[PDB]
Amino acid sequence: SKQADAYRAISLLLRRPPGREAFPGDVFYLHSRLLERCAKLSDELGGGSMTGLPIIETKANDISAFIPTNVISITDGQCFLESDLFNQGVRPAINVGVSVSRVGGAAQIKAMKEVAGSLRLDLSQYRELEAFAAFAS
Amino acid sequence: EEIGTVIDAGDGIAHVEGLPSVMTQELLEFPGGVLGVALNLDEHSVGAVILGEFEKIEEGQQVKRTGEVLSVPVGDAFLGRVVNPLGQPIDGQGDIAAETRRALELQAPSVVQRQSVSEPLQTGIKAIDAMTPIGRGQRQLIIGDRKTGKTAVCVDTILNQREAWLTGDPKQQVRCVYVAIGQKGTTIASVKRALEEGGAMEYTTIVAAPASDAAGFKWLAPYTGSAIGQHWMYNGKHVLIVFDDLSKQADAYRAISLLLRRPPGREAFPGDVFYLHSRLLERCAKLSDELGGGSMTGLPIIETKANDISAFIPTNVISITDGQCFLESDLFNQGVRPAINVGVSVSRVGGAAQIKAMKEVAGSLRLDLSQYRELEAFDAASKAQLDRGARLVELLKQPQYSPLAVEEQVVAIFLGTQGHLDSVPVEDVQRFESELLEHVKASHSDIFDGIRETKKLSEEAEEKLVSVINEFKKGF
Amino acid sequence: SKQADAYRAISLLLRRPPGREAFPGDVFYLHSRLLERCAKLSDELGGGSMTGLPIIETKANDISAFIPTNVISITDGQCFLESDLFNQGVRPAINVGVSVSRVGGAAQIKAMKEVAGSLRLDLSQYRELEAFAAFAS
Amino acid sequence: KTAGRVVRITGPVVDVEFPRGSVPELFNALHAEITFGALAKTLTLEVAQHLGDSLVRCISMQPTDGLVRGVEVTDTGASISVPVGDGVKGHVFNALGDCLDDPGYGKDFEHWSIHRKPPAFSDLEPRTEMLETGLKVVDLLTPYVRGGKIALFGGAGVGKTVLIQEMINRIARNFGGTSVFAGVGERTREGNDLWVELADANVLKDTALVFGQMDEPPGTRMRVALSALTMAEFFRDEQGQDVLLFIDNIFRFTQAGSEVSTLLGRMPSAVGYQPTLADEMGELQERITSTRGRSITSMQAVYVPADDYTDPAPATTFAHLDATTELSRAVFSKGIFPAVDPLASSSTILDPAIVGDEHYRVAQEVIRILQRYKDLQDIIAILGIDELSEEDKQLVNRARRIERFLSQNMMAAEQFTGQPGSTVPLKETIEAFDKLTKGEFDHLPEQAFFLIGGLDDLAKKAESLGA
Amino acid sequence: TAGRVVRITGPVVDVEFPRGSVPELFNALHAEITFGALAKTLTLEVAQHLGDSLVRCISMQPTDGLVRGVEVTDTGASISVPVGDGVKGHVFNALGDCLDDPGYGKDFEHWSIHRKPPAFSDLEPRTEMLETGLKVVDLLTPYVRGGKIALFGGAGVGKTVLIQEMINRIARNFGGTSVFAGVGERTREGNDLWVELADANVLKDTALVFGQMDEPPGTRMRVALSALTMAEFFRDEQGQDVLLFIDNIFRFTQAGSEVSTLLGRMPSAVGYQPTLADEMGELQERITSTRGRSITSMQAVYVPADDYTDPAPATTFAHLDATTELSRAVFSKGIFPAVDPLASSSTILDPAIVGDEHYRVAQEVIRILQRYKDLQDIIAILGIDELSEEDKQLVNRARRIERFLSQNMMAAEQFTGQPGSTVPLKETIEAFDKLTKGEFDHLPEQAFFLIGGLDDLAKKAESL
Amino acid sequence: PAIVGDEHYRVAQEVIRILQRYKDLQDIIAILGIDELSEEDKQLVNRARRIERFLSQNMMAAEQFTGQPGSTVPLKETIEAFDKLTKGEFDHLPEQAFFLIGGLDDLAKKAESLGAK
Amino acid sequence: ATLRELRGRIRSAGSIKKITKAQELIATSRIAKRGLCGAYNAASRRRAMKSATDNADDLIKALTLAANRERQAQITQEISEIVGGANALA
Ligand SMILES: Nc1ncnc2c1ncn2[C@@H]1O[C@H](COP(=O)(O)OP(=O)(O)OP(=O)(O)O)[C@@H](O)[C@H]1O
Ligand SMILES: Nc1ncnc2c1ncn2[C@@H]1O[C@H](COP(=O)(O)OP(=O)(O)OP(=O)(O)O)[C@@H](O)[C@H]1O
Ligand SMILES: Nc1ncnc2c1ncn2[C@@H]1O[C@H](COP(=O)(O)OP(=O)(O)O)[C@@H](O)[C@H]1O
Ligand SMILES: [Mg+2]
Ligand SMILES: [Mg+2]
């Protein structure tokens with residue numbers, strides 16, 4: 001977010017046309033060009049890799065803002081942290097209901113893949129049932 | 001001849017140097033048979049909005065005058081033809097023999113050149129003809145979300161004019177102009193197919209500006225259609241014009257205005273978007289007898305977003321037209337088609353233009369439905385009232401492409417407003433109705449002829465109708 | 001508010017670049033320079049005073065509009081009047097919770113400060129309790 | 001020389017170059033000719049700006065289609081002027097003073113410039129004299145002022161024009177003076193309907209109609225109100241007539257000004273409006289006023305774009321009024337006519353010193369009950385009334401009956417319903433709403449209160465319903 | 001006659017040509033960046049004629065290293081892509097360059113990517129149904145031949161397998177071909193798709209055109225048109241049915257917005273390009289049926305802020321003929337394809353189009369499944385015991401119906417060894433009519449998992 | 001915990017958790033009323049109201065506005081008081097006893113002024 | 001502040017909907033075996049809470065539509081101000 005702000009500052013000072021949120025027409029390109037360099041290389045090129053963990057700061061948890069929207073589109077998955085979860089003591093404050101990894105189980109070892117298989121559905125069912133906490137009998 | 005030169009071009013706007021004698025709003029020919037309209041004339045150049053294939057415009061090209069302010073050819077030869085906003089055939093059926101040419105920005109009839117709307121325009125839709133009747137020269141907005149049956153209502157209205165056309169009487173005939181602005185090409189083709197199957201293309205003209213057109217054509221199409229209709233209206237003919245839809249025309253005009261760097265206002269629309277629609281719809285009029293008595297009936301279509309009729313363009317058009325038919329997505333998705341909403345739908349000037357029989361039958365009906373909606377959302381009398389309301393809701397359901405003649409609508413509404421449907425099950429109310437109507441046409445068709453000739457339902461014909469209903473019900 | 005509108009009209013006609021709601025950059029400066037001339041002079045200057053009572057009209061009770069925000073940040077407190085309170089019979093329709101005087105007891109005689117020292121806080125707490133206990137049985 | 005030539009044409013705005021020493025003054029009327037056949041006409045331009053280098057920018061009163069650069073422009077030496085006198089009564093005029101029902105009529109009349117200063121401040125006197133209408137809601141909550149300024153705000157299709165017709169019926173019919181109607185940017189067929197209705201009611205002979213309607217360039221839609229006001233000012237200042245001035249719709253004047261401002265190359269204000277929005281409204285409205293001994297009762301319809309009462313145009317209009325009837329889409333959806341928002345509407349004379357203590361007390365009680373009902377809508381929308389206290393349930397039933405009883409069968413609503421309208425004396429209105437607020441009709445069903453007149457109507461309707 | 005760079009502002013390049021050699025709008029120009037590290041050939045696309053022999057162009061590659069005054073060569077045509085049967089089985093960028101084999105296809109016939117839609121009279125005036133052979137699609141959400149199908153669903157719902165399934169069915173049932181248009185394609189996912197299609201042995205049936213995320217907005221804007229041009233060649237010249245996949249169409253709209261902003265145009269509502277509707281129409285009107293052949297498109301559609309009234313989805317849905325929503329819930333039950341039968345919709349599921357019997361059976365299925373969804377919460381929280389007997393009968397019938405919407409897909413043969421099925425439309429209609437009537441409630445639930453028509457149902461019932 | 005110590009961190013986190021839950025429950029209490037909460041939620045709401053009031057303080061700089069002289073509370077006393085509050089040790093005192101005071105002695109005095117103890 | 005208020009209302013309505021749906025299911029269970037019972041005082045709790053849940057769903061839908069209108073309008077107004085400043089500096 002700070003880098004996008006700096007680039008917008010430069011672009012405006014250079015009198016380049018502004019768009020939504022006054023960003024230039026190539027801010028998405030800024031971030032996508034940056035983040036496509038994070039890759040897993042083929043064995044022909046040495047098999048090296050670079051994993052990117054971009055951080056985006058939302059305001060009032062508006063992930064539909066311009067720069068969050070761009071970076072969400074660019075990346076392979078999102079860990080959404082929330083201050084309400086943080087205050088509830090859920091630390092790290094990841095919202096497992098909306099967080100996603102499109103690589104998914106391919107990025108886990110087999111043991112984790114097995115023990116963690118039921119976690120997602122268990123947590124979703126828990127969130128559905130939480131309203132009935134006091135009526136457990 | 002004066003010849004100008006393109007000095008720059010971009011995004012549907014060209015600038016031409018020269019052409020000192022050019023008129024404001026004149027048409028200009030660019031090579032490749034491209035046309036533009038001279039919007040801005042300054043000491044340096046002429047700013048032209050390109051109406052056509054803008055990608056063929058190049059700096060240095062020769063621009064010629066046409067000597068004509070923005071205008072289209074008009075005449076009877078346009079019936080049965082499909083044309084683009086310039087009046088050029090796109091149906092591949094040869095040349096159109098224009099009677100004359102008509103400028104697109106001629107002003108509407110004045111306060112003293114009109115007369116009150118008094119002749120009905122029968123849409124053939126029971127819901128509309130009974131609850132929001134449309135008179136000739138009225139402007140009735142058809143407004144609703146996408147895929148709510150707006151085009152179906154307008155196409156059925158055009159189809160309903162077939163009988164009036166076959167009379168041969170210019171005081172009864174209605175020539176139709178369908179204007180497609182930003183519609184899918186296949187939807188325009190299917191509209192043409194339906195009109196052809198109904199024999200409507202004989203008296204219908206289509207002005208097409210499909211979704212692949214540039215903004216200039218979409219902006220111009222309604223005025224082209226209106227000019228073609230006005231040529232007939234000022235010759236004592238009655239015209240129905242459908243604008244499908246003016247939301248897309250507003251979007252096209254906003255695109256042109258932004259490309260001209262005109263500062264926008266509400267929802268990025270230019271300040272004169274209201275003027276755009278209001279001058280167009282003001283030209284739909286019922287003329288005084290001194291001017292021949294012709295009329296043009298406007299049926300503008302507006303597409304709302306999430307049934308938000310309080311948005312800018314919807315409110316503009318509501319404040320221009322003489323009432324609206326509001327098609328709901330909830331009703332439409334429940335199978336209540338046409339999906340008219342009584343709470344919102346009204347005809348401001350249609351009551352005077354509604355035959356006596358229809359008035360008598362539908363009077364109590366309108367309020368009955370309006371109240372029954374709430375009573376349903378919420379004793380023996382109340383339960384009977386709910387049953388009656390459900391039967392009436394089924395009564396006003398109508399299949400597509402099947403407009404009803406006015407006398408048939410009278411009988412159909414009579415079935416429901418006089419308790420003759422309480423016996424039949426709700427799910428049969430339609431089939432029963434249809435069957436019964438056919439019966440009256442097969443035999444006891446004297447009722448239809450009487451209603452058509454007198455425009456009222458006599459007590460004796462009413463009693464004969466009840467007796468026919470009872471005999472058919474026992475047969476039913 | 002009307003003076004701010006007039007100044008905006010003038011600035012736009014002089015083609016000075018506009019800002020929020022098309023207001024000129026120095027609209028806050030207009031009001032602040034105006035309202036800081038209301039002062040309580042030192043005894044050396046004669047001890048005279050000018051008390052300012054600026055009036056701001058909001059629309060739809062939106063005190064977060066540009067000009068209301070400016071003037072609120074300039075003055076020594078505000079009396080918020082609300083049509084809901086007015087229609088309820090609270091006349092003057094002063095919203096106690098958000099209305100305040102930044103001078104306080106120094107602007108009151110001793111007797112008044114004595115009998116009204118905690119009235120505004122008591123009324124704020126009362127409104128809070130009335131809202132909270134609305135449906136308590 | 002002395003004659004200019006067109007240099008630039010940008011829609012209905014024309015730049016004209018004049019010889020040095022012959023630059024026309026601001027607001028002067030200039031004349032140009034369009035010769036192209038179908039569009040042939042004489043354009044009246046109005047000087048709006050001095051651009052420098054002997055150029056002026058003018059607003060065309062007619063569409064500029066067919067105008068060519070370099071055509072000769074002649075300066076009339078004066079601004080637009082309209083015929084005035086007793087003869088304008090019974091006739092329809094356009095913004096330029098041309099009679100439409102009888103072309104050429106009024107050319108021999110005295111002619112007044114449509115631009116003039118408002119009355120001097122020393123001549124202004126506040127008006128506090130109730131103009132009883134017979135409409136329950138107006139009379140009780142937003143009493144109109146005789147010689148004052150009344151506005152009817154509302155979004156699209158909520159009943160502004162039907163209420164203007166209502167007030168023409170109730171106030172103009174029995175009027176002993178002159179009436180002026182200004183159609184500003186409204187439906188032409190509505191102008192025709194009004195002309196015919198006035199003719200039928202015999203009110204036309206007392207009425208001057210001026211029309212610049214929707215299908216006009218923004219300059220005409222900006223100036224037609226001034227032309228009608230010029231006729232009204234003649235009646236006020238030269239004849240001592242009590243004058244009724246109806247304007248439908250003044251928002252259209254503001255909107256035309258916005259279009260023109262965009263065409264003039266001015267930098268836009270908020271929501272794209274002209275920077276001079278408040279200034280233009282101020283000039284026009286300040287001319288629309290009574291003076292000491294000289295009465296103009298003015299009633300103006302005010303469109304509210306997109307039902308947005310915060311929009312700058314109505315927002316600046318609010319300050320110019322003595323009584324404000326705000327029509328509500330929410331009220332309209334309930335079938336309540338007139339669709340007045342009883343909490344948002346206001347009147348400067350609804351205070352005890354003017355209308356008396358009992359009228360004021362009853363009005364305040366009605367407003368308090370309605371406000372309490374509005375405050376409870378959050379709960380009711382979800383749970384309904386069954387969760388409220390006993391006091392609140394009683395208040396909610398009372399408020400529903402009150403809100404229905406503010407509705408009325410209007411004189412002008414017959415055309416839509418076939419039901420003749422009703423007139424309720426102010427005293428009966430005060431009594432009826434006193435009884436309503438006190439709970440004396442809590443037993444009658446709600447619908448008995450809907451679209452009726454006074455207490456006899458309520459008794460008859462409740463009896464018809466079994467109560 | 002060559003031009004020269006005059007101004008460089010990021011991807012915007014102004015170029016001056018001699019008086020009479022100005023390129024036409026949308027012409028492709030070539031420039032050279034010679035700096036060794038960044039050396040490349042820039043493709044510029046003429047966007048505007050600025051006058052005085054200047055043209056404003058959008059660079060298709062980053063302009064880093066470009067120098068003022070370098071020579072600009074006019075190609076005399078717009079961006080042109082290779083066409084023919086040779087493009088199948090290969091990956092291309094938006095400019096026609098082969099990515100898996102640089103230089104491949106340079107000798108093929110080349111078609112300009114800017115083309116008009118079929119002439120109004122050449123359009124088919126009557127809608128048609130694209131019988132896929134998949135029970136759920138054919139019954140509940142029939143696809144329109146020449147129409148557009150929105151596709152929804154996050155990762156892990158079988159979306160890629162569904163795409164492979166449609167490629168399979170268009171190739172083997174209609175004898176057609178596929179074009180995939182990765183608009184704003186993630187490079188990792190483009191590589192994954194390439195490898196997966198090769199593994200599925202459907203790569204030979206499909207041409208891949210990638211406009212990657214890390215490219216300037218111009219290529220992301222034009223990639224959809226490039227893929228469409230290849231599909232148009234297949235339909236109009238080879239006389240084949242074509243399935244055109246676009247992922248993501250919203251990224252085409254957003255790239256258009258970025259380009260419009262770069263060119264100094266004033267944004268329209270919500271910041272989109274003023275010509276948003278016109279651009280979308282120009283793209284979508286080329287996807288039709290003409291002269292007996294059709295391009296059918298399945299398009300992934302992103303909805304900003306889940307706001308369907310947002311200008312981008314609002315413009316896109318003006319052109320969409322059907323909607324297929326893939327649900328994680330359905331996938332988690334092993335029901336493949338994981339099409340959410342209640343959220344999915346089709347604009348041709350009407351009696352007038354698919355017939356009365358089809359409509360009736362589909363509505364019955366929808367009603368039963370909706371009642372089941374309503375009873376789901378009671379089942380979960382209070383238990384199925386609380387339900388009335390009629391409710392239990394409905395639950396059993398609905399569970400069987402929803403399992404029978406599953407099918408063994410052609411693309412599923414590579415994970416489960418069993419081959420796929422193609423159920424004729426009549427068979428599906430009668431099977432689901434019987435299922436709604438309750439003629440299979442006695443059979444075990446598992447009998448309905450991943451089978452074709454009634455013969456498979458009987459076979460699996462007996463095998464249990 | 002590393003800088004301020006385990007006890008301070010724990011008490012602060014518990015106060016934040018209670019106040020967050022109270023914020024979550026406020027809309028429900030506004031519409032459906034408190035009685036429809038579970039017993040634990042009712043207890044938490046009472047505790048949260050007392051905690052939020054006890055976080056307020058009569059300040060030295062505020063005497064010009066309230067007429068009440070200010071107070072200063074040691075950190076250890078603050079931690080102990082809020083530890084007791086989060087355990088419900090003061091649940092029996094009226095919430096008005098916790099408004100604009102200093103430490104636990106001020107709380108006791110105000111409670112006795114309000115008829116509690 | 002309009003959008004912030006609308007989002008607060010959306011959160012409130014969602015919580016109310018969750019509680020009322022839970023209460024409706026609890027009432028369903030209790031049927032087989034306070035004043036939130038609709039017009040009972042003036043089974044019934046189950047119907048009343050089903051009605052309340054439907055009303056809260058409708059409120060959430062309407063509030064979300066209003067919030068999206070406000071979000072779009074704010075984007076448009078912000079762009080209008082930005083481009084107006086840029087044009088005036090052109
Ligand atoms: N009375 C009716 N009975 C049955 N089906 C109908 C009826 N009216 C319309 N339909 C069908 O409903 C669908 C929508 O109709 P139509 O295309 O007229 O609506 P629309 O609002 O104009 O749509 P769009 O947003 O696509 O322009 C079409 O399938 C049409 O066949
Ligand atoms: N008192 C009334 N009784 C019954 N119907 C009414 C009444 N007032 C208005 N209506 C209905 O509402 C329609 C709109 O009313 P009206 O023309 O007065 O609205 P408006 O606010 O002037 O509209 P617009 O913004 O379109 O000019 C009327 O044509 C009639 O259909
Ligand atoms: N019909 C099916 N039969 C067997 N396995 C399937 C089926 N559909 C999906 N899968 C499995 O589920 C996973 C997700 O499917 P895929 O379409 O690749 O998801 P996405 O496209 O969202 O990445 C795949 O790895 C695949 O093996
Ligand atoms: Mg349509
Ligand atoms: Mg009106």
Side-chain angles (χ1 to χ4, degrees), chain A residues 1-2 51 53-69 71-72 77-101 112 115-116 118-137, chain F residues 1-56 78-89 91 98:
Chain A
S1 313
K2 258 92 159 168
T51 300
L53 296 190
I55 292 165
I56 288 283
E57 195 213 57
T58 57
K59 291 157 133 203
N61 214 28
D62 180 20
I63 60 160
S64 83
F66 190 37
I67 300 304
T69 297
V71 177
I72 287 164
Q78 296 82 43
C79 295
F80 295 92
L81 288 70
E82 320 212 316
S83 83
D84 271 54
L85 283 177
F86 196 98
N87 287 334
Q88 290 167 32
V90 176
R91 269 162 230 178
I94 291 140
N95 183 337
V96 300
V98 299
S99 301
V100 65
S101 169
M112 179 60 87
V115 304
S118 78
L119 264 190
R120 184 151 262 101
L121 196 36
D122 261 326
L123 291 156
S124 47
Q125 281 156 10
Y126 175 61
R127 289 327 182 169
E128 304 178 314
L129 294 173
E130 251 209 287
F132 310 82
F135 312 83
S137 71
Chain F
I3 292 104
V4 291
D6 298 329
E7 196 66 15
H8 182 167
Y9 181 75
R10 200 206 79 230
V11 173
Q13 261 36 70
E14 188 55 20
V15 164
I16 285 154
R17 179 191 77 73
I18 285 154
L19 293 184
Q20 178 62 48
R21 178 53 149 153
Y22 176 51
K23 184 180 152 220
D24 293 341
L25 290 169
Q26 287 226 244
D27 39 53
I28 287 148
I29 294 169
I31 305 307
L32 313 173
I34 193 136
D35 289 326
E36 296 301 318
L37 303 183
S38 62
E39 212 66 58
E40 292 323 283
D41 271 335
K42 295 192 206 155
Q43 199 173 69
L44 185 144
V45 161
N46 291 320
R47 226 164 278 182
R49 286 179 73 77
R50 285 153 179 72
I51 287 160
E52 127 178 29
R53 259 146 205 84
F54 196 59
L55 288 166
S56 89
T78 289
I79 288 161
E80 186 210 38
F82 276 97
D83 194 38
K84 276 196 250 52
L85 249 182
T86 52
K87 293 158 153 95
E89 298 203 27
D91 277 355
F98 300 78

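Lettering of chains follows the sequences in order, A, B, ..., and the numbering in each one begins at 1. Values reported hereafter were calculated over all heavy atoms of this structure, with side chains retained and with hydrogens, waters and symmetry mates removed.
- A 6.0 Å sphere centred on NZ of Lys84(F) holds more than 12 heavy atoms belonging to other residues, nucleotides or ligands.
- Scanning residues 40-51 of chain F against chain A with a 4.5 Å non-hydrogen threshold yields no residues.
- Under a cut-off of 6.0 angstrom, the local environment of CD1 in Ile55(A) is sparse, with at most 12 non-hydrogen atoms contributed by other residues, nucleotides or ligands.
- Under a cut-off of 6.0 angstrom, the local environment of CZ in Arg10(F) is crowded, with over 12 non-hydrogen atoms contributed by other residues, nucleotides or ligands.
- Interface remark: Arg21(F) contributes no atoms to any contact with chain A (heavy atom separation under 4.5 Å).
- Applying the ring pair (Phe, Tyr, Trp, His ring centres under 6.0 Å) test to residues at least two apart or on different chains, none of the pairs has a partner in residues 13-42 of chain F.
- Other residues, nucleotides and ligands place more than 12 heavy atoms under 6.0 Å from the CD atom of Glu130(A).
- The residue among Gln20(F), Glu14(F), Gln13(F) with the most heavy atom pairs within less than 4.5 Å of chain A is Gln20(F).
- Evaluation of the side-chain hydrogen bond (donor to acceptor under 3.5 Å, both in side chains) rule for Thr86(F) yields no partner, not counting sequence neighbours.
- Within residues 80-90 of chain A, the residues that have a heavy atom under 4.5 Å from a heavy atom of chain F are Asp84(A), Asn87(A), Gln88(A), listed by number.
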